[PDB]
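Throughout, residue positions are numbered sequentially from 1 according to the sequence presented. Remember, it's 1-based here, ligands and their atoms both numbered in the order they're listed.
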Amino acid sequence: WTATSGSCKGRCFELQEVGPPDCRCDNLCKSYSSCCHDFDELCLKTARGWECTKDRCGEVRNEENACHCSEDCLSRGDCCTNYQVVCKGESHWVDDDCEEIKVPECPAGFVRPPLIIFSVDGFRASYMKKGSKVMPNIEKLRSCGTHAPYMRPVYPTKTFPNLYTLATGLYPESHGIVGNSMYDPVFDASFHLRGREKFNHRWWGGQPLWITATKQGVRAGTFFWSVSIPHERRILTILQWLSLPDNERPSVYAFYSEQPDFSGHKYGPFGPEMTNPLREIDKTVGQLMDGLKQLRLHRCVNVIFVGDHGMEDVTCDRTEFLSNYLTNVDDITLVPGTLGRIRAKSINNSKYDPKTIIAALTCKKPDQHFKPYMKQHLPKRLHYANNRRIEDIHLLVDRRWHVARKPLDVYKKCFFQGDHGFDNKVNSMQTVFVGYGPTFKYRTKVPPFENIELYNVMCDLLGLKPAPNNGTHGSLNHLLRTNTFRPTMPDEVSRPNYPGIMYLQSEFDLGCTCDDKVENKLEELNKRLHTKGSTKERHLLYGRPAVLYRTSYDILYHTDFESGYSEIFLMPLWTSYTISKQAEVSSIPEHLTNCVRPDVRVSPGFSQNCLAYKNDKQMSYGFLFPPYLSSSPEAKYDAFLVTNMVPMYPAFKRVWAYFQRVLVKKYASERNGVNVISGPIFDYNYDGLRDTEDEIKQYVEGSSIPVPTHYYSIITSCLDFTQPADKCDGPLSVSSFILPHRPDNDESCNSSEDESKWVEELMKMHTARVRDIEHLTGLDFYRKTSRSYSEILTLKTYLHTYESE
Ligand SMILES: *[C@@H]1O[C@H](CO)[C@@H](O[C@@H]2O[C@H](CO)[C@@H](O[C@@H]3O[C@H](CO[C@H]4O[C@H](CO)[C@@H](O)[C@H](O[C@H]5O[C@H](CO)[C@@H](O)[C@H](O)[C@@H]5O[C@H]5O[C@H](CO)[C@@H](O)[C@H](O)[C@@H]5O)[C@@H]4O)[C@@H](O)[C@H](O[C@H]4O[C@H](CO)[C@@H](O)[C@H](O)[C@@H]4O[C@H]4O[C@H](CO)[C@@H](O)[C@H](O)[C@@H]4O)[C@@H]3O)[C@H](O)[C@H]2NC(C)=O)[C@H](O)[C@H]1NC(C)=O
Ligand SMILES: O=C(OCc1ccc(OC(F)(F)F)cc1)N1C[C@@H]2CN(C(=O)c3ccc4[nH]c(=O)oc4n3)C[C@H]2C1
Ligand SMILES: [Ca+2]
Ligand SMILES: [Ca+2]
Ligand SMILES: [Cl-]
Ligand code: NA
Ligand code: NA
Ligand SMILES: [Zn+2]
């Protein structure tokens with residue numbers, strides 16, 4: 001019940017919300033059906049429209065009008081946004097030359113520059129160039145302020161996950177909003193776009209910017225607007241709030257626009273009907289900026305123009321139906337559309353088997369337009385697994401397509417020409433970022449970045465300390481004139497040992513053999529120096545990685561590579577090597593095919609053994625430094641050390657061998673040398689964080705050798721590719737991957753063909769940021785460069801996406 005029989009007299013768009021069953025006058029009361037009787041009358045005035053006209057100038061104040069052109073309006077803070085243009089001979093903001101804002105020029109009483117977030121739904125990144133002619137206000141913001149060519153949303157590229165990621169800096173798996181539609185098994189409840197359940201606080205985790213602000217004594221405007229409050233009224237409300245007394249005035253504000261998303265669903269991303277929505281968005285920006293200029297706040301306020309996701313061409317005749325694949329289609333529930341999520345219709349059914357469902361959806365039709373995954377097998381870059389609201393079975397759907405359960409669900413629900421929600425690497429899903437104001441830079445282009453990073457910058461822009469989040473604080477310092485946050489490198493927790501020769505061959509009983517019993521005063525001083533670290537400046541270009549947890553490990557030096565060997569996990573955490581442009585690929589000699597050699601620096605008891613692999617019929621083994629890339633026949637022996645060995649499924653060895661034999665050399669040619677850091681990853685609980693020893697679910701049969709869930713590589717070179725990787729004077733260039741360690745290649749439908757037809761495609765799919773690898777290993781890379789830490793942070797957040805221009 002709401003006793004709706006009070007009043008909004010003098011309370012229009014109040015900032016503090018009152019407690020039921022009292023009647024409300026806040027910008028959300030409509031969406032709760034709880035506004036006072038007179039709300040429409042007093043708070044949503046529309047009389048006479050939104051603009052001043054030549055004959056409204058200096059009129060008698062009539063309180064019934066939407067906005068005012070009277071003389072006293074500037075003091076009351078409620079003029080139509082164009083009042084000065086029409087009645088005082090002033091110019092529109094857009095028609096002024098832009099001048100650098102070197103310092104905040106604010107009215108007395110302002111303790112900090114205010115922040116206005118102008119967010120636009122479905123604003124595809126390419127609209128900035130393609131609609132440039134019809135968006136003059138937005139185009140002035142872009143070219144005078146700081147801008148990116150695009151900004152990467154989170155997966156799934158839906159509305160609520162992306163808006164709440166903007167507000168919190170969290171992956172949807174961590175903030176809880178994992179889709180536009182959700183079921184929570186612990187709650188036994190569903191979350192929909194329509195309805196009242198979405199208004200319950202229990203869905204929304206993390207700490208959004210407005211709460212972070214309130215708790216630290218910064219006042220916030222209310223971010224959410226009811227759908228029936230027109231755009232023009234939202235702008236006037238923000239402007240009115242900005243006229244309040246210093247003690248009452250918020251410092252952070254939000255505007256939301258349903259366009260162009262709303263139209264893009266109907267007409268598609270570039271439908272001719274799309275020009276008008278872009279014109280109107282630009283008109284609304286113009287109004288805000290004209291309003292700010294009237295109050296002399298246009299060189300004081302920081303404005304962020306930001307989208308949640310883009311928009312793709314999608315029609316009904318591009319729908320795949322599960323009913324064309326499954327027999328038992330009635331025992332399942334599907335969350336449909338641009339992504340697929342499958343669970344059992346009833347948990348009282350013990351005959352339901354996810355394994356057989358996946359099998360029935362795997363490579364069944366030659367042109368198939370979705371791919372099924374157990375959630376833990378999704379590319380790690382999506383960070384989409386660690387939440388009870390994310391179903392075990394997931395369908396990644398091809399751009400331009402839909403997935404539905406039965407055909408009946410599509411025609412008894414063509415209505416639409418556009419949609420979104422696909423993989424966040426897809427070009428048509430990219431969205432926009434522009435920052436404009438005293439704290440942003442002047443006329444600056446920055447590289448593309450991810451939307452998880454903004455929460456930190458907004459906190460910076462407001463002088464707040466950010467709640468723990470997924471951004472990397474300092475990685476967007478290059479956007480800002482000042483207010484920068486100065487990050488330090490995490491302290492190393494474990495220091496390494498540097499073992500020498502401590503064990504005799506015969507102390508080892510590992511069941512390993514090698515054909516290496518052959519025989520010089522010159523060439524023996526040489527091999528000693530290599531094991532002491534003479535070539536280490538060649539293979540360890542950026543310092544050794546830091547270990548940021550408590551453990552026991554050894555640094556091992558070799559002619560061609562260096563590794564940090566973990567005595568706990570019985571394998572290296574990392575292996576580092578440089579492959580120059582001129583280097584040569586050789587093969588493994590016939591006598592050395594099954595050669596594994598004891599490492600006399602490491603005790604038998606901290607070594608793997610060959611017997612375990614022989615006994616394990618499923619598991620085989622591979623090497624981290626590839627024998628193929630040894631610099632000499634003699635150095636090749638180092639590659640067969642038991643300490644370079646890691647466990648690998650035969651099916652995965654096909655992938656690994658192609659990468660090591662073909663691709664590394666190809667990258668060295670194209671990039672003028674590469675440095676490579678490879679290693680194992682253990683993430684059995686799929687939380688995206690390094691597993692402790694007691695979390696490993698799988699060992700090589702009859703031993704304490706743990707099985708990695710993934711294998712990573714970080715491939716670095718010089719951004720100026722005229723300089724070789726090992727003699728680089730400037731910025732670096734990186735690409736990385738995290739390949740799932742799987743006993744089959746079911747993920748690749750073309751895997752019965754030659755590795756050259758499918759391997760590289762798979763690697764591209766599982767591209768990663770160095771930062772993703774750091775979470776998963778508890779390491780910290782690039783500790784010794786000549787670059788600034790901020791720049792290195794940007795590098796660590798980079799993702800190579802493999803999309804075209
Ligand atoms: C992205 O950034 C985020 C944020 O920084 C990272 O997530 C953090 O990771 C931490 C490590 O996993 C985690 O710390 C744990 O906190 C537990 C208490 O957490 C509560 O309080 C916080 C802070 O206010 C709050 O945010 C949490 O809210 C969660 O839960 C509610 C509902 O339950 C949700 O509404 C909300 O969305 C959020 O859920 C998300 O996180 C949880 C995990 O906390 C997931 O399960 C969800 O799927 C979802 O993603 C909480 O209300 C605390 O209990 C933990 O402590 C245990 O572990 C430590 C290890 O040191 C041990 O010493 C303790 O003894 C304790 O173990 C005991 O409990 C065990 C389990 O019951 C039991 O096995 C043992 O026997 C012990 O009894 C732990 O410290 C932190 O909560 C989250 N924060 C957030 C916001 O998600 C994330 O890692 C980043 N991602 C990447 C890739 O880097
Ligand atoms: O006022 C709203 O949001 C303010 C807001 C602004 C910025 C924020 O973040 C930042 F400031 F920190 F940056 C956070 C919040 N709302 C009301 C709208 C109801 N919606 C749909 O119903 C919808 C809209 C488009 C859709 N497309 C689709 O497929 O489903 C959709 N549902 C979308 C909701 C957004
Ligand atoms: Ca949207
Ligand atoms: Ca883990
Ligand atoms: Cl969804
Ligand atoms: Na085997
Ligand atoms: Na296959
Ligand atoms: Zn939409």
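Contact check on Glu197 versus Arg202 returns a salt bridge, with a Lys/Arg side-chain nitrogen under 4.0 Å from an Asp/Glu carboxylate oxygen. Using a 4.0 Å cut-off between charged nitrogen and carboxylate oxygen, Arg399 and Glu312 do not count as a salt-bridge pair. Ionic pairing of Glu755 and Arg654 is present here: one or more N-O contacts between side-chain nitrogen and carboxylate oxygen are shorter than 4.0 angstrom. The pair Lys666-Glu760 counts as a salt bridge, with a side-chain nitrogen and a carboxylate oxygen less than 4.0 angstrom apart. For the pair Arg742 and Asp744, the salt-bridge criterion is met [side-chain N within less than 4.0 Å of a carboxylate O].
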* Taking it one step at a time, do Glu747 and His766 satisfy side chain to side chain donor-acceptor pair (under 3.5 Å)? -> CA-CA 12 Å; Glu747 192 181 349; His766 296 273; 2.8 Å; yes
Using a 3.5 Å cut-off and no angle test, enumerate the donor-acceptor pairs between side-chain atoms of residues 160-168 and protein atoms at least two apart in sequence or in another chain.
unit_1 : atom_1 : unit_2 : atom_2 : d
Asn162 : OD1    : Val154 : N      : 2.9
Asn162 : OD1    : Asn451 : ND2    : 3.0
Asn162 : ND2    : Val154 : O      : 3.4
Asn162 : ND2    : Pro156 : O      : 3.3
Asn162 : ND2    : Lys158 : O      : 2.9
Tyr164 : OH     : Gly205 : O      : 2.7
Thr165 : OG1    : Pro161 : O      : 3.2
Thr165 : OG1    : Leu170 : O      : 2.7
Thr165 : OG1    : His175 : NE2    : 3.2
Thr168 : OG1    : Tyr164 : O      : 2.6
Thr168 : OG1    : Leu170 : N      : 3.3

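Taking the N/O/S atoms of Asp121 in turn, the shortest distance to the Ca ion (ligand 3) belongs to OD1.
Because the distance cut-off is set at 3.0 Å, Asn162 fails to qualify as a neighbour of the Ca ion (ligand 3), as none of its N, O or S atoms comes that close. Among the atoms of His309, an N, O or S atom falls under 3.0 Å of the Ca ion (ligand 3).
Residues satisfying the disulfide bond (SG atoms under 2.5 Å apart) criterion with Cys459, sequence neighbours excluded, are absent altogether.
Judged purely by distance below 3.5 Å, without hydrogens or angles, the side chains of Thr222 and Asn27 pair a donor atom with an acceptor atom.
For the Zn ion (ligand 8), the neighbouring protein N/O/S atoms at less than 2.8 Å, given as residue and atom, are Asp261 OD1, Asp261 OD2, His265 NE2, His420 NE2.
At a threshold of 4.5 Å between non-hydrogen side-chain atoms, the residues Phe440 and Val434 do not count as touching.
Protein-derived N/O/S atoms nearer than 3.0 Å to the Na ion (ligand 7) total 3, waters excluded.
Open room surrounds CZ on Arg661; 12 or fewer heavy atoms of other groups in view lie less than 6.0 Å from it.
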